[PDB]
Structures are given as structure tokens and as C-alpha cells.
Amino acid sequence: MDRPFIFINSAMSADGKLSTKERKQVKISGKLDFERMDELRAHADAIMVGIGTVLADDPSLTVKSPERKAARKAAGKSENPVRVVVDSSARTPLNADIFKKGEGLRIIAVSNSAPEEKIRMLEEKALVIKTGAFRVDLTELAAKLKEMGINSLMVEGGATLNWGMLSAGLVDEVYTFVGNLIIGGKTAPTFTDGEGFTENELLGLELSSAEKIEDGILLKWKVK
């Protein structure tokens, strides 16, 4: 039933893309947005990313600033927030950067269809939470994260995970750093891919703030 406070933070091009048509990472935001993202990571209890992001970018999801890591450790918490990968078939690579880098809890959320052999290998390095049939049940995952002490969850994204979280009615706020470039492309990942809403299913927002940061602009939206 219950869930953490959940927000999406992503950086997108002016035409709404998270990455190119080849699924390759480009520089959307500068140092100042990277510092803001690091502050968010430091204050969040957990960070969540989809398997698509892990496979494309192999990110570590760590807090980068030594001062922020020390501030978290001084307050009793691990240097990094809990890192959560949403991954139905348990395909998270065993030598992924989320496993090589930093201290803290890792969680792989898999589906009940996931093969047992891969689940066991991952369980050496992470807590594995099983929900749903062929796909992770994000509502049940969310309540299970809240049960464990997670009150603040940052969805770092993935176009499809963003869709999954938003269409399930789980998100409280959306942060979009809009960068000063056009990426383009029909098949380029956008801020929200997945199936998409029809005319009668559209999700209303309210604009909370708009702040210019370096060469782009940060839009913060409250979900209705």
C-alpha cells in the first residue's frame, strides 16, 4: 500500500531526449547540474535505475563528492544511498560498476519469472526482491522499499522505467534539467517512453519552479 516519496531526476535535450538514437550517452548537463544531482543522491535514501540504463551506460550511481559522502557517514548512513536496479530477468551483469564501486546496499528487483541460477549469483552481492510475473511490479516494489526504511527514492531514470513509475501512479515530483542542444531521432530514448497515455489517460502536472542553471534550465513539476 504505502511507498517512499518518489521523484524522477533526469537531464534531457531541448527536444526531450535522454540519449541519441544509438542509445549512446551525450553531455546534456554541465558541472553545476552534476553538483545538484550529487546533492540529491546524497540526501536520498535510495536511487533507482532500469536494467536498460545499466546495460547501456554501466553507471556506478555513487555519490562523487568526498564531502557529501563524509556528511552521510557522519550521520550514520552508508557513503552511498541504497542502489536499486529494476531488472525482470535478472540480467544485471555480475561485474557491473554498481558492484565494483563504493560501499552500501545494492538491491536487484526481479520478476518471479527470473531464472534461479542468476538470482543466486546476484544474491552474493545484493538483496534480491521478487515481484510480479514477467515484469517487476513497481507498486509492490515501492511498498517493500518503504518497509525497509526507504523514505526518499530518486528514480535516475531510463525512459521506460520513467514510464513504468509514472503510469503506475507512483511519482510525486519530476525534475527535468533541459540542456542546450538538440539530439533528435524517432528511436532516441525520451524522458518518458513505454506504451504512452491515450487522450483519456494523460497525466496532469503543476509547475513548481523554473531555474536557469549554467546553459540550460531546470524544470520541477508536481504530479497530479
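So that there is no doubt, residue numbering starts at 1 and follows the sequence shown.
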| item | value |
| --- | --- |
| Residue stretch of maximal mean CA temperature factor, 186-194 vs 28-36 | 28-36 |
| Average Cα temperature factor in the PDB entry - higher stretch of 66-74, 175-183 | 66-74 |
| Options 85, 121, 142, 136 - largest CA temperature factor per the record | 121 |
| Third of the chain's Cα B-factor distribution that residue 215 belongs to, per the entry | middle |
| Ranked against its chain, the third holding the CA B-factor of residue 23 | highest |
| Ranked C-alpha temperature factor of residue 154 among modelled chain residues, by third | middle |
| Within-chain third of residue 223 by Cα B-factor, per the entry | middle |
| Where the record places residue 111 (Cα B-factor, split into thirds across the chain) | lowest |
